[PDB]
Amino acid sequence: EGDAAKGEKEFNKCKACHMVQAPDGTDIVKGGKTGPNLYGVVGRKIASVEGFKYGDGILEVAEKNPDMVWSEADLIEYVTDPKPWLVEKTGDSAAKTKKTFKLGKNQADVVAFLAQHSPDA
């Protein structure tokens, strides 16, 4: 039950590493390249952005669950605390992650913002 307008503001915490760019090249949120493009992330297969070098943990999630896509519930959990999410999904206490950034509040709002820019979900 997120507020996409509030999520757009919270996304300032994400944009250091993530852009939101449409397939025609249009920049919705200009941001960094340390993490993958988040345009269309809602409903997207886990760890499937072409050309991005993902960590072993999240690829294992994708490998072990080939039909898994990002749902709003899962995105909320992952953005709250990425590492334990990977541990939960892989069953591997040593799951490797390229990021540990945690968002403690307004997670549903950020996910609402991302859903807004996943129009074909």
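Note that residue numbering begins at 1 and tracks the sequence as displayed.
- Here 90-98 and 77-85 are compared by their mean Cα B-factor, and 90-98 comes out higher.
- Ranked within its chain, residue 109 lands in the lowest third, by CA B factor from the PDB record.
- Among all modelled residues in its chain, residue 69 ranks in the middle third by Cα B-factor.
- When the modelled residues of the chain are ordered by C-alpha B-factor, residue 9 sits in the highest third.
- Sort the modelled residues of the chain by CA B factor and residue 54 lands in the middle third.
- In this PDB entry, the Cα temperature factor of residue 61 sits in the middle third of its chain's modelled residues.
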